[PDB]
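coords please:
(one chain, ligands or ions: 1)
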Amino acid sequence: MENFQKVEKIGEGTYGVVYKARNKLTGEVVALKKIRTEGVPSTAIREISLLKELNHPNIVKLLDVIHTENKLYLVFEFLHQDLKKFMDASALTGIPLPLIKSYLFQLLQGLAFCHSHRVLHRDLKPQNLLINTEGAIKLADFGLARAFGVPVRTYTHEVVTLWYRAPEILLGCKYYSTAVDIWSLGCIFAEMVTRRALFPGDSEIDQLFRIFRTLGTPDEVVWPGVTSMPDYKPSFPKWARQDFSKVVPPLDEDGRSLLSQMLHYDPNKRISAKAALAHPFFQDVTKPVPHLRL
Ligand SMILES: Cc1nc(C)c(-c2ccnc(Nc3ccc(N(C)C)cc3)n2)s1
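Numbers count the residues shown, from 1 in each chain. Below, you will see the structure:
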């Protein structure tokens, strides 16, 4: 739009490229997401528009949705840093535990809010988790999946990450729930603690087999109905489960306990965002300040 001046390519999401822009009028700076051209589906517009109402302290506010020349522009509140970069910058030392815990608690609140309104993210990842100098962390691109859909190949000619995708999605379940966001957050939680991706799969089956190698191949005992999933193959190699003490050290037992409940195979046994908030892991939760470099 003519009311925005692109300052820099802040990223390239699934539905489109994201830019840091300057409203030539208001003078406010925002992150402008342009989504590519038959005229854009009406259903999407109406769905995306509803998102303008779901406002929460831990959800990146969607200021306006601009649909001109039959193109889509999502105007979001701008934040100075994503979790990915912050992590890379913390690589040598690592993010302090008090901060990791504050971030998880805030993300969980955001999720609780979204899940209570029957809205899920479906594609949580370090790249759409934004932080500010205030010690707050926010979820970006919420509800955009129900608007369109994330494939395995992107227009940016790059590659879609499956590292945080819940097993029910990889196994073909087409009617997944809020539980998929909990799984992703769990994978992110573990990544913050170890400074290494939990399940860095390079393909769908490679992704599924890395999960299996660590948590063990799911069966009807631990996941009733798993063998009935569309893509479940009786020929899946049978891997034994591995202790969480080796999965995410030196995370304390409360943290390990919580992560374990966030990583349960059965979506129904997977702890909810609301319940996660009552976990003893957050008994001593605080809100530290990140040492950000901008
Ligand atoms: C994918 C994304 N989708 C949305 C809606 C994003 C967003 C929203 C608000 N601020 C920022 N800020 C921001 C993003 C990246 C960086 N980098 C330095 C990579 C700095 C600030 N990013 S990111």
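
center of this protein - which residue?
The central residue of the chain, meaning the one whose C-alpha is nearest the mean C-alpha position (Cα atoms, centre = their mean), is residue 124 at 1.2 Å.

how about the nearest residue to it once chain neighbours are set aside, phi and psi?
On the basis of Cβ to Cβ, 6 or more residues apart in numbering, the spatially nearest residue to residue 124 that is not a chain neighbour turns out to be residue 184, at 3.7 Å. C-betas here are computed from N, CA, C, even on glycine. As for residue 184, its main-chain torsions (degrees, to the nearest 10) stand at phi -60, psi -50.

Now do the same contact list for residue 184.
Applying Cβ atoms under 8 Å, 6 or more residues apart in numbering, one finds that residue 184 lies in contact with 121, 123, 124, 125, 164, 165, 166.

Show me the domain layout of the chain.
Domains of the chain are assigned by curated CATH domains as 1-80, 81-293.

Identify, out of these, the most deeply packed stretch.
Each of the domains of the chain was scored by mean neighbour count; the highest is domain 81-293, a mean of 17, by mean count of other Cβ atoms under 10 Å.

all strands for the stretch 51-200 of the chain, in order.
According to DSSP state E, counting those that start in this stretch, the stretch 51-200 of the chain carries its strands in the segments 62-68, 71-77, 81-82, 129-131, 137-139.

Once you drop chain neighbours, what's closest to the closest residue to the ligand within the stretch 101-250 of the chain?
Among the residues of the stretch 101-250 of the chain, residue 140 lies closest to the ligand, at 4.0 Å counting by Cβ to the nearest ligand atom. Nearest-residue entry for residue 140: residue 60, 3.9 Å, with adjacent residues in sequence omitted and distances by Cβ to Cβ, 6+ apart.

Looking at the contacts of residue 184, spot the one nearest residue 227.
In terms of Cβ to Cβ, no member of the contacts of residue 184 lies closer to residue 227 than residue 166, at 17.4 Å.

Run through the residues of the protein sitting next to the ligand.
Within the chain, the positions lying close to the ligand (Cβ under 6 Å from any ligand atom) are 10-11, 13, 18, 31, 33, 60, 76, 78-82, 85, 127-128, 130, 140-141.

Next step: those restricted to helices.
Assignment to helices by DSSP state H places the following of the residues of the chain next to the ligand there: residue 85.
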